[PDB]
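Participant: I would like to see how this sequence folds:
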Amino acid sequence: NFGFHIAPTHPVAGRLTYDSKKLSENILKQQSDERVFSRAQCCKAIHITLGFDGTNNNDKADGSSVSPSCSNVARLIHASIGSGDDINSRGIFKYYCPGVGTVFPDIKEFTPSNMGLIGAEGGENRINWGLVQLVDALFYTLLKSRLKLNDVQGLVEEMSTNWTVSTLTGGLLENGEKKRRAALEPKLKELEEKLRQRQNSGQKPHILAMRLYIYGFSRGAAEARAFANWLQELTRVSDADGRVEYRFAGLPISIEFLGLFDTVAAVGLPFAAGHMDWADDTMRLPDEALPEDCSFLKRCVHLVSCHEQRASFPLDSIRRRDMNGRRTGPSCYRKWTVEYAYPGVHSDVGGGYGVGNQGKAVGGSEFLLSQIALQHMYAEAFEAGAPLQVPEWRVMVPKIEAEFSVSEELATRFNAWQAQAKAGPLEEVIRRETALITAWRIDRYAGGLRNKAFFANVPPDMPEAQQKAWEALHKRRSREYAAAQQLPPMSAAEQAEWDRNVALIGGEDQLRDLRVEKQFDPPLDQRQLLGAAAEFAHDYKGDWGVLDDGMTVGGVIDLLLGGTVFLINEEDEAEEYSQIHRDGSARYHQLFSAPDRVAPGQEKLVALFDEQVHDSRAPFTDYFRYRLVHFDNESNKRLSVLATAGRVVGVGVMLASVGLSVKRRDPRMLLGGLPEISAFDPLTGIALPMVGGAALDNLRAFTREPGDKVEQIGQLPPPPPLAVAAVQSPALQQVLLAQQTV
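Facilitator: Numbers count the residues shown, from 1 in each chain. Take a look:
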């Protein structure tokens with residue numbers, strides 16, 4: 001099936017129950033290649049699952065403690081077949097890729113991200129690692145060894161585009177397609193040669209095909225989509241007679257299933273983050289050319305969050321216009337691909353919240369909202385032929401079965417949401433769902449959070465002492481790890497502090513709760529929820545204070561992160577605020593009869609928001625803006641390109657980092673010209689040359705086709721490197737001295 005829909009109702013007994021027929025059919029799909037081959041009077045297909053985990057999700061780290069918090073990607077990998085020499089030799093393999101911002105030794109990423117600052121290169125390296133794993137699967141299939149970690153590392157390095165900005169030459173641009181193909185070619189040829197030998201000598205088993213099952217969440221969903229496109233580019237052979245096929249070292253290859261949770265392709269950063277560089281024009285699902293064996297992608301399911309609103313987490317829908325090179329027709333969904341709207345914020349769909357976080361799912365992962373989407377994804381994948389365990393290698397062990405638990409209370413609450421939700425395109429569903437959670441906040445946050453029922457079961461915040469301790473211990477341990485895998489011993493003072501800290505937790509025993517893989521995240525759900533609630537309350541009351549027609553906002557853009565950055569429109573921001581305020585208030589009156597009094601029949605819904613839906617947020621805040629959504633080249637709101645392709649638009653020099661002061665209209669003053677941008681060097685404070693005029697105004701125009709503008713800008717020549725622009729300016733010469741020193 002296809003198109004956009006509300007989440008389906010969640011069946012009472014769940015989606016993990018099975019029939020011997022159900023199992024028979026999943027098996028039957030897995031063995032289709034063998035059937036075709038055998039009918040022509042032993043053989044095996046290679047079945048490969050690849051899971052790209054989400055932002056700040058790391059399976060090793062997140063699942064190691066007593067309150068584990070594995071994402072749905074990790075859960076699906078745990079329940080996937082492909083572990084061990086035996087099963088691999090039987091042609092089933094599975095691979096897990098940790099999320100960006102977490103340690104990944106295989107790509108030599110030895111430190112976690114700082115305060116959620118995530119560059120594009122981590123994403124690209126994860127995609128390329130993914131590509132390499134396919135090579136590894138074939139390599140093991142034929143030669144009974146696996147690629148050495150040294151060689152994986154080298155391959156990933158060879159395939160990189162090495163983005164940087166230098167004072168001498170400006171942007172360093174490399175062609176990813178060329179580099180990936182070049183790096184993969186020696187191995188693909190070796191493997192093809194081996195397959196030739198085996199075929200001409202009649203060696204068994206006859207290797208038939210490669211069939212892929214791919215799961216992604218968040219930036220890992222972005223990575224999966226780019227992966228699918230880069231793979232299609234690599235394997236599209238499609239010559240001779242003009243028949244089009246996809247082959248990987250001679251072998252037919254297809255993605256049998258692409259399962260995505262809430263795609264976010266944004267650089268890790270009112271500035272609105274745009275795509276990481278590798279994600280531009282690669283979010284669009286693969287288009288097929290002109291049993292079924294012509295197609296590259298057989299099935300894609302994308303489950304998306306309705307209630308996520310963070311500027312840092314824009315959605316990429318899998319909706320897009322047919323496309324020549326030229327786009328024609330309305331935005332719609334490609335055959336065999338479907339997009340479902342789900343309640344909750346980002347990790348309420350992808351998984352990743354632990355029991356009791358923010359007082360949600362207190363006592364039990366079976367109460368965690370993300371368990372519904374998980375089961376749904378499972379069922380879809382199982383239907384599409386995925387090598388999945390069920391409730392001996394084909395069967396889930398207790399731990400993994402419990403990772404898929406859904407309680408009936410959860411099912412009931414979810415279904416109340418599902419039943420009130422109204423059909424429409426994604427934009428309208430977002431408008432209305434934003435209104436619903438706003439309505440809930442008017443009571444639970446604007447009505448004073450401290451005394452609400454659910455807030456009482458938010459776990460108490462970690463004491464300040466333990467917070468500082470854990471942090472400093474983590475800091476030291478992490479630097480040790482990084483310097484090793486790539487430190488001088490602690491000074492007397494540092495060691496005394498270390499031991500104070502080791503004491504502030506109950507001793508050396510506790511040190512193994514340190515996760516080097518992720519940045520330390522202290523339990524501060526009370527302070528954070530109370531803070532957020534005070535924010536929402538302020539925004540919703542609108543007691544602004546003194547206001548000017550204009551506002552000045554500032555920020556440093558780090559062009560080394562390899563991403564695009566936008567500004568949103570003041571008028572549109574004002575109207576969004578107003579529509580949310582109005583819809584929200586109106587819905588409030590159907591949600592509650594009075595303060596703290598839920599209207600009859602609305603209990604299960606209000607309880608879902610109280611005890612299941614998290615608050616990823618925890619002039620005005622993101623509570624009063626709609627989430628940004630991309631549909632390929634198009635977006636749901638107007639955007640102006642502030643920076644892309646490594647330059648700040650209008651800045652007449654290339655620089656690694658650029659300070660900005662932006663003057664624009666205060667949208668608050670619109671409730672009842674393009675922004676003025678000035679740039680400086682952050683290191684010295686010196687003003688950077690600006691250029692302006694009509695052409696530049698056109699490049700900066702607010703449009704709902706930001707992909708088009710990003711492409712257009714990328715086609716234009718860049719500003720000169722700092723060393724060229726400085727030959728005239730003593731000022732820029734100081735800038736250059738500073739930049740050069742770094």
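Participant: wait, what's in contact with residue 551?
Facilitator: Taking Cβ atoms under 8 Å, 6 or more residues apart in numbering, we find residue 551 in contact with 619, 663-666. C-beta here means a position set from N, CA and C on the backbone, and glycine is covered the same way.
Participant: can you confirm residue 244 is in a helix?
Facilitator: No. Counting by DSSP: H, G, I helix; E, B strand; the rest coil, residue 244 is not part of a helix but coil.
Participant: For residue 46, see how far away the closest residue to it other than its chain neighbours is.
Facilitator: In space, and not counting its chain neighbours, residue 244 is closest to residue 238: 3.7 Å by Cβ to Cβ, 6 or more residues apart in numbering. Counting by Cβ to Cβ, to the nearest Å, the gap from residue 238 to residue 46 is 21 Å.
Participant: Looking at those two, which has the bigger crowd around it?
Facilitator: With neighbours defined as other Cβ atoms under 10 Å, residue 238 and residue 46 compare such that residue 46 has more, 24 against 13.
Participant: Now do the helix or strand harbouring the more buried one: which elements does it pack against?
Facilitator: Assigned by DSSP states H and E, residue 46 belongs to strand 43-52. Judged by 3 or more Cβ pairs under 8 Å, 6 or more residues apart in numbering; DSSP states H and E, strand 43-52 is in contact with helix 32-39, helix 72-78, strand 92-97, helix 120-143, strand 206-217, helix 219-235.
Participant: ok so, going back, with secondary structure, neighbour count and distance to residue 330 added, can I get the contacts of residue 551 in a markdown table?
Facilitator: Shown next, in a markdown table, are the contacts of residue 551 (DSSP: H, G, I helix; E, B strand; the rest coil; neighbours: other Cβ atoms under 10 Å; distance: Cβ to Cβ, whole Å):
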| residue | secondary structure | neighbour count | distance to residue 330 |
| --- | --- | --- | --- |
| 619 | coil | 17 | 34 |
| 663 | strand | 13 | 37 |
| 664 | strand | 21 | 32 |
| 665 | strand | 18 | 32 |
| 666 | coil | 18 | 36 |
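Participant: Please, where are all the strands along the stretch 451-600 of the chain?
Facilitator: Ranges of strands within the stretch 451-600 of the chain are 550-558, 563-568, 592-594, 597-598, based on DSSP state E, counting those that start in this stretch.
Participant: could you redo those strands as TSV and give each row distance to residue 168?
Facilitator: Output for those, formatted as TSV (distance: least, Cβ to Cβ, whole Å):
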stretch	distance to residue 168
strand 550-558	19
strand 563-568	23
strand 592-594	63
strand 597-598	65
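Participant: and those, which is most packed in?
Facilitator: When the strands of the stretch 451-600 of the chain are scored by mean count of other Cβ atoms under 10 Å, the highest mean neighbour count falls to strand 563-568 (a mean of 26).
Participant: now the helices for the stretch 501-650 of the chain?
Facilitator: Secondary structure of the stretch 501-650 of the chain by DSSP state H, counting those that start in this stretch: the helices cover 525-541, 570-591, 603-611.
Participant: Can you show me the CA trace of the longest one as PDB?
Facilitator: This file holds the C-alpha atoms of helix 570-591, laid out as PDB (Å, rounded to 0.1, in the frame of the first residue of the first chain):
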ATOM      1  CA  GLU A 570       8.700  37.100  10.800                       C
ATOM      2  CA  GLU A 571       5.100  37.400   9.400                       C
ATOM      3  CA  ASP A 572       4.700  33.600   9.100                       C
ATOM      4  CA  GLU A 573       6.100  33.100  12.600                       C
ATOM      5  CA  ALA A 574       3.500  35.600  13.900                       C
ATOM      6  CA  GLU A 575       0.700  33.800  12.100                       C
ATOM      7  CA  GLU A 576       1.900  30.400  13.300                       C
ATOM      8  CA  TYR A 577       2.000  31.700  16.900                       C
ATOM      9  CA  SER A 578      -1.600  33.000  16.500                       C
ATOM     10  CA  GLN A 579      -3.000  29.900  14.800                       C
ATOM     11  CA  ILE A 580      -1.500  27.700  17.500                       C
ATOM     12  CA  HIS A 581      -2.700  29.900  20.300                       C
ATOM     13  CA  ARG A 582      -6.300  30.000  18.800                       C
ATOM     14  CA  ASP A 583      -6.600  26.300  17.800                       C
ATOM     15  CA  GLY A 584      -5.000  25.300  21.100                       C
ATOM     16  CA  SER A 585      -7.300  27.300  23.300                       C
ATOM     17  CA  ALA A 586     -10.400  26.100  21.400                       C
ATOM     18  CA  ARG A 587      -9.300  22.500  21.800                       C
ATOM     19  CA  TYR A 588      -8.600  23.100  25.500                       C
ATOM     20  CA  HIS A 589     -12.300  23.800  26.000                       C
ATOM     21  CA  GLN A 590     -13.100  20.300  24.700                       C
ATOM     22  CA  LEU A 591     -10.300  18.700  26.600                       C
END
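Participant: ok, residue 389 - how many residues close by?
Facilitator: When counting by other Cβ under 10 Å, one arrives at 18 neighbours for residue 389.
Participant: residues contacting it?
Facilitator: Neighbouring residues of residue 389 by Cβ under 8 Å, 6+ apart: 79-81, 395-396, 400.
Participant: now it, nearest residue through space, not along the chain?
Facilitator: residue 396 (4.4 Å).
Participant: and the one you found, how many residues sit next to it?
Facilitator: As a burial measure, residue 396 scores 17 neighbours (other Cβ under 10 Å).
Participant: quick one: which two of the contacts of residue 389 are the most distant?
Facilitator: Farthest-apart pair in those is 80 and 395; separation 12.8 Å (Cβ to Cβ).
Participant: Which residue ranges of the stretch 201-350 of the chain form strands?
Facilitator: With DSSP E, counting those that start in this stretch as the criterion, the stretch 201-350 of the chain has strands spanning 206-217, 247-248, 251-261, 271-276, 300-305, 315-317, 320-322, 328-332, 337-342.
Participant: Among the contacts of residue 389, name the buried ones.
Facilitator: Among the contacts of residue 389, the ones that count as buried by 16 or more other Cβ atoms under 10 Å are 79-81, 396.
Participant: would a markdown table of those residues with secondary structure and distance to residue 418 be doable?
Facilitator: Compiled in a markdown table, the buried ones among the contacts of residue 389 are given as follows (DSSP: H, G, I helix; E, B strand; the rest coil; distance: Cβ to Cβ, whole Å):
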| residue | secondary structure | distance to residue 418 |
| --- | --- | --- |
| 79 | coil | 24 |
| 80 | strand | 27 |
| 81 | coil | 31 |
| 396 | coil | 26 |
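Participant: on that earlier part again, okay, the helices of the stretch 501-650 of the chain in CSV with mean neighbour count and distance to residue 367 next?
Facilitator: Below are the helices of the stretch 501-650 of the chain laid out as CSV (neighbours: other Cβ atoms under 10 Å; distance: least, Cβ to Cβ, whole Å):
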stretch, mean neighbour count, distance to residue 367
helix 525-541, 18, 16
helix 570-591, 17, 22
helix 603-611, 19, 7
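Participant: Format the ones you listed as a markdown table; extra columns: distance to residue 386.
Facilitator: Below are those laid out as a markdown table (distance: least, Cβ to Cβ, whole Å):
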| stretch | distance to residue 386 |
| --- | --- |
| helix 525-541 | 35 |
| helix 570-591 | 39 |
| helix 603-611 | 29 |
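Participant: Of all these, which one is nearest residue 721?
Facilitator: helix 570-591 (34.0 Å).
Participant: helices and strands around the closest one, which ones?
Facilitator: On a contact count with 3+ Cβ pairs under 8 Å, 6+ apart, helix 570-591 meets helix 426-444, strand 657-665.
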